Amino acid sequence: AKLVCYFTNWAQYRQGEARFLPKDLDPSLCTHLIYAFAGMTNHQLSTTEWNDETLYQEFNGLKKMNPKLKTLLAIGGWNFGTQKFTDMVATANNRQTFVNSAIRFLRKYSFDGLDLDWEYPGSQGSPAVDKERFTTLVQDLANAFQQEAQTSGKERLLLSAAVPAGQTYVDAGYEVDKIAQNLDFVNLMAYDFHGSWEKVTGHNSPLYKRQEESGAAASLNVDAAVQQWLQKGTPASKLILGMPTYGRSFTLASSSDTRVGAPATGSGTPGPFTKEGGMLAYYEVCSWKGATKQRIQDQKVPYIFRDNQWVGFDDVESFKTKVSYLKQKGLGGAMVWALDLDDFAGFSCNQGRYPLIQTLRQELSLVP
């Protein structure tokens, strides 16, 4: 089993106990640690924060403590958008520039691989031609990594990709069968199924559908996303089930209608540490004062409300349920977004450090 965990290079800017610093990294919590995010300049891999080089040395320095650990560098993410990917994959020449830059960069900073997080080929402004060009990029990287291993005698760089759960994005961007041949593993982003971009409440990461759902909505759940990627050609051993350590929040139209599917007027109030309306870290809801928590019966996940604020999130119980699920489906492991949104310092939830991610590690039988 794998436990793939994302580190984010902006968590260092949160205040107080929420500030995530190198001392908060645990070399043996996860099997694979992915650094979010690198960017791109002139079609070439590049840093995005002023101290990335300092953090790269910390990050890969964990491997001194746990020599089994593998690290990857992720390029892209939601905010990065698509234009730079589109421009880089538009020609073989530009892809070659990128691939060669990536190998040099990963070796320079001692990363064990690259995680592609383009959100997404064929969507978010990216043209339809990018579906096949993404296939080619994946093939180009895999083949070049194989070649460099032969030339250098070093262990081959890994290639993974973070991929969407929703059929609209999957079919617009991903030749699933083809890319599965070349990716070492596939990080399924089985979250953001619902959120405050919708005008009714819905859970960030439900395992199964609700009875009231039909049509496309009935596939906006973890089980459907997993089965989608498997049936479209991803080997189970390569499919890594993503898990969120955050929830998605809504302001209710009325505090007297708190159902799943109740009318919402927008994002929930920003969290005191995360300061982003529409999401909250686990540590911002795990002990939410004066709130009312219950479970969504068929979806196997909790929601919590307080006055006109409503939040769908994951807890220890839902993480256990999801690991039981992934094991039943024979998947390659779990992935988690993100280290810094769990109660990494044990300051809020009275459940110790990393209560959610330690649950994943325990349920996968990966405890040192």
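So that the term is clear: the rigid core is the largest set of C-alpha atoms that superpose within 1.5 Å between two forms. In case it trips you up, residue 1 is the first one in the sequence shown, and so on.
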### Query
After fitting on the rigid core, which stretch moves more in 7 other deposited structures of this protein, 76-84 or 197-205, going by C-alpha RMS?
76-84
### Task
Taking the root mean square of C-alpha distances over all structures and residues in 7 other deposited structures of this protein, with a rigid core superposition, name the larger of 6-14 and 20-28.
20-28
### Segment of higher mean CA temperature factor, 31-39 or 60-68
60-68
### Message
Tell me which stretch, 275-283 or 154-162, has the higher mean Cα B-factor listed in the entry.
### Response
154-162
### Query
Which has the highest CA B-factor per the PDB entry: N204, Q294, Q167, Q146?
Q146
### Task
Tell me, please, which of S214, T245, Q228, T86 has the highest C-alpha B factor according to the deposited entry?
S214
### Query
Based on the entry's values, in what third of the chain does the Cα temperature factor of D192 lie: lowest, middle or highest?
lowest
### Query
For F347, does the deposited CA B-factor place it in the lowest, middle or highest third of the chain?
highest
### Message
Split into thirds by Cα B-factor across the chain's modelled residues, where does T54 land: lowest, middle or highest?
### Response
middle
### Query
Comparing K329 with the other modelled residues of its chain, is its CA B-factor in the lowest, middle or highest third?
highest
## Note on the structure
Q299: C-alpha B-factor third of its chain, per the entry, is the middle
